[PDB]
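Take a look at the structure below.
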There are 2 protein chains.
Amino acid sequence: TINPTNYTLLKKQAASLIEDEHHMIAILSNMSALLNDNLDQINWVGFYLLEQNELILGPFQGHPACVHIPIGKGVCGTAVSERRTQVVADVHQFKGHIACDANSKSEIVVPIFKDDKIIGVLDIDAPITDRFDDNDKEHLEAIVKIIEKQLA
Amino acid sequence: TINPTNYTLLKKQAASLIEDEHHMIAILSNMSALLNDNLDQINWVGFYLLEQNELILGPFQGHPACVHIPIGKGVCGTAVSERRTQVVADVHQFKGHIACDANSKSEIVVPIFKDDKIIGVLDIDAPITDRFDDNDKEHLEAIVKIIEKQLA
């Protein structure tokens, strides 16, 4: 059972923990908390930042995670190499999953852009399979757009 | 009722999410998770970084928090101005508490040093009063020392 999220109001709330803020780390830290507090059936939510040609762990809500993820490897790295959101119904069956993805049963990763360049990703993992659908994808991408506008 | 923490083993574990790592944000993000997973009766645990003469919210586990905290104000700001750990049994009775400290009933804030300069603080809040004692203070300061050594 997956309790639904009122994404319409969530977008407005996100705009708050973002507006008038220019410290990216603070924005990402608070955003990870906001999403964690409003999404049911998830076990990890946070960000990875592209630094020195690899993904580096940023602010998140959940258990400790791998710090480095290569571009093109793992669910997160693949989101970067494909330059598009990844909605994974079953991580164990995802072509390219790595040991660092072990605790994720289903997942969604949305790339974050800045001047046509991917600067990181929003990663949300779930303890059950098929947690995310097209509706979640649309709303989460919209939330990422709000973040992008603030960081721009 | 406060369940005890095996700080002796926790220090060893912390050394892990820290060793061979040079990205401070990743270190702080994972450390906030490690502490959250091993401390009972707390509602917020994370870091604030000193940037442009004020504290700026960094990685943490919990609900959204204030991004800016002035030096010398609030429990966290006071830890910086006094340049020493603050163990607060009752935040509501703490001289200098601010609106941003509202959800914290008791708290401990440990300043983090780098070349004799305070670069931030470790902040842990609890939903009950008198959560932290001298024993917690000693062990948490030791953990902060491990973080300092890695960032040095």
Side-chain angles (χ1 to χ4, degrees), chain A residues 10 12-39 42-69 76 100 103 119-123 125 143 147 150-151, chain B residues 10 12-39 42-69 76 100 103 119-123 125 143 147 150-151:
Chain A
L10 185 63
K12 267 49 190 175
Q13 292 187 296
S16 297
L17 297 178
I18 295 176
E19 181 181 302
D20 295 356
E21 303 301 331
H22 296 86
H23 280 104
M24 178 174 78
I25 296 307
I27 294 176
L28 302 184
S29 298
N30 268 337
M31 279 303 302
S32 71
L34 180 66
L35 296 168
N36 191 50
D37 294 345
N38 290 281
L39 291 173
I42 63 165
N43 58 4
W44 203 95
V45 54
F47 302 87
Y48 274 86
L49 298 171
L50 268 179
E51 299 178 51
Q52 298 71 62
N53 311 299
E54 70 178 315
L55 284 175
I56 300 299
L57 179 66
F60 70 87
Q61 299 300 311
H63 292 150
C66 291
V67 174
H68 310 78
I69 302 298
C76 289
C100 289
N103 197 53
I119 57 172
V121 302
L122 161 64
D123 178 40
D125 309 318
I143 290 177
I147 294 176
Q150 189 69 46
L151 300 176
Chain B
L10 185 63
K12 267 49 190 175
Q13 292 187 296
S16 297
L17 297 178
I18 295 176
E19 181 181 302
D20 295 356
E21 303 301 331
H22 296 86
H23 280 104
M24 178 174 78
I25 296 307
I27 294 176
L28 302 184
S29 298
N30 268 337
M31 279 303 302
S32 71
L34 180 66
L35 296 168
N36 191 50
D37 294 345
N38 290 281
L39 291 173
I42 63 165
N43 58 4
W44 203 95
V45 54
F47 302 87
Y48 274 86
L49 298 171
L50 268 179
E51 299 178 51
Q52 298 71 62
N53 311 299
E54 70 178 315
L55 284 175
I56 300 299
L57 179 66
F60 70 87
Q61 299 300 311
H63 292 150
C66 291
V67 174
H68 310 78
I69 302 298
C76 289
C100 289
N103 197 53
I119 57 172
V121 302
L122 161 64
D123 178 40
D125 309 318
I143 290 177
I147 294 176
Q150 189 69 46
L151 300 176

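Quick note on labels: first sequence line is chain A, next is B, and so on, each numbered from 1.
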Exercise for the section: Could you tell me which portion of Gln52(B) (side chain, backbone, both or neither) has an atom closer than 4.5 angstrom to a non-hydrogen atom of chain A? Expected result: side chain

Completion exercise
Per-residue tally against chain A (heavy atom, under 4.5 Å) across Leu34(B), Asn30(B), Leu49(B) peaks at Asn30(B)

Practice task
Would you indicate whether the side-chain heavy atoms of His63(A) and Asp37(B) approach each other to under 4.5 Å?
Solution key: yes

Handout entry: CD1 on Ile56(A) to CD on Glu21(B), rounded to 0.5 Å
Key = 8.0 Å

Completion exercise
Checked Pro64(B), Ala65(B), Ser32(B) vs chain A; the most non-hydrogen pairs under 4.5 Å come from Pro64(B)

Fill in the blank from the handout: Minimal heavy-atom distance between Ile25(B) and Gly58(A), with the atoms involved, is CG2-CA, 4.2 Å

Problem - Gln61(A) side chain vs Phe60(B) backbone, donor-acceptor pair below 3.5 Å - result: yes

Exercise for the section: Could you tell me which non-hydrogen atom of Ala33(B) sits nearest to which non-hydrogen atom of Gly62(A), and how far apart they are? Expected result: CB-O, 3.3 Å

